[PDB]
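Here you get one chain, nothing else, as structure tokens; it is the form deposited in one PDB entry.
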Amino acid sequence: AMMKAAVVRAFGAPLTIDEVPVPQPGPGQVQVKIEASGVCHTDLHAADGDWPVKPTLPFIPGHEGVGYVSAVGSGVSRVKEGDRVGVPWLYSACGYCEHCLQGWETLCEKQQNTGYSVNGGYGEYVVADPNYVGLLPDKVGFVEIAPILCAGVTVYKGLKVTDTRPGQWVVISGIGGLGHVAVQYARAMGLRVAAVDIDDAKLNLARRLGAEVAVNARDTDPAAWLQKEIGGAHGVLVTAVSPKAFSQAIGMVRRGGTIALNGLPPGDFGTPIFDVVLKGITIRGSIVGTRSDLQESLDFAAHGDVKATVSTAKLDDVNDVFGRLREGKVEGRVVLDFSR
């Protein structure tokens, strides 16, 4: 069989919409017929070769692909044909290293990454490791659930690792694909939410989604503003694609506060070490979520506590989508629609 897929063939170059072979599931693998496929900013970082470790070219991006199991290889019991599943960033892990045994498979040094080290969901079919797919809730449609496979699970786990508790303040910095669902997870977890971004439209979205307080970092120093407005936050989750946002986040917390980092812009951010030590501050990287995190994050969507703000596009318009996302012209998430 042949399928349409969007392929990266050179860093910085436009993706090509090609006819390519349909991947077939070997022993212990499954095939997924894609119905929707979220576009994550990581897909841009990948196509641009922003990161120190680059993807092997050529490859099909996409780690928010969701659909139906369409074929099953031998030795598969976790899922069966017809099951609704998603294939997230964590494509597989080895299952028995120290991290894996501890339930931290997101740290597995042997992991594969969907739409980066193996082909992903910007295509009609993808082959997956059924041990690591998301099992989707019946009550949510493919387009709406697609962003939970990366944006949702990532911010959910990120918020968990801020070590905040109900009634405390959390700042979400960057109200984009990740950030706009972070506001909702944070509210679902009993947190009071402050929003920071550099575009009023994104702050307006945060407001509609439950923020409480919001500030535009292009209009004022957001750290100073938050110290005055809420007395500093207990936690911050940084989903921004700007190193400057990372530095500013450090100044947003109360003493003892924790800044969790999801954003992956290239380079360093300036860190005020003296203050971090004097004020007992924690800065913590957070990387997607484990299968447990993923299933939990999906249940929030199923219960209606989180709903992604989504616009759809066709596979053939991926390059325009990438452009708009680069320019910061996307509200929430774009999700590629493969439905009939």
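One-based numbering along the sequence shown. For clarity, a rigid core is taken as the largest C-alpha set superposing within 1.5 Å between two forms.
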| item | value |
| --- | --- |
| 258-266 versus 133-141 - greater average Cα B-factor per the deposited record | 133-141 |
| Selected stretch [higher average CA B-factor]: 121-129 or 150-158 | 121-129 |
| Cα B factor band for residue 59 (lowest, middle or highest third within the chain) | middle |
| Third of the chain, ranked by Cα B-factor, where residue 113 sits | lowest |
| Residue 235 by Cα B-factor - lowest, middle or highest third of the modelled chain | lowest |
| Modelled-residue ranking by C-alpha temperature factor, third containing residue 76 | highest |
| Third of the chain's Cα B-factor distribution that residue 48 belongs to, per the entry | highest |
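One more form of this protein should be noted, the form deposited in another entry, which is absent from this view; the next part is about it.
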property	result
Residue showing a 2 Å-or-more C-alpha displacement between this form and the one not shown once the rigid core is overlaid, selected from 244, 78, 139, 110	244
Did residue 214 shift 2 Å or more between this form and the one not shown, C-alpha, core superposed	yes
Core-aligned C-alpha movement of residue 95 between this form and the one not shown, 2 Å or more	no
Did residue 127 shift 2 Å or more between this form and the one not shown, C-alpha, core superposed	no
Pair residue 243/residue 44, Cα separation in that other deposited form versus the displayed form, closer or farther by 3 angstroms or more	farther
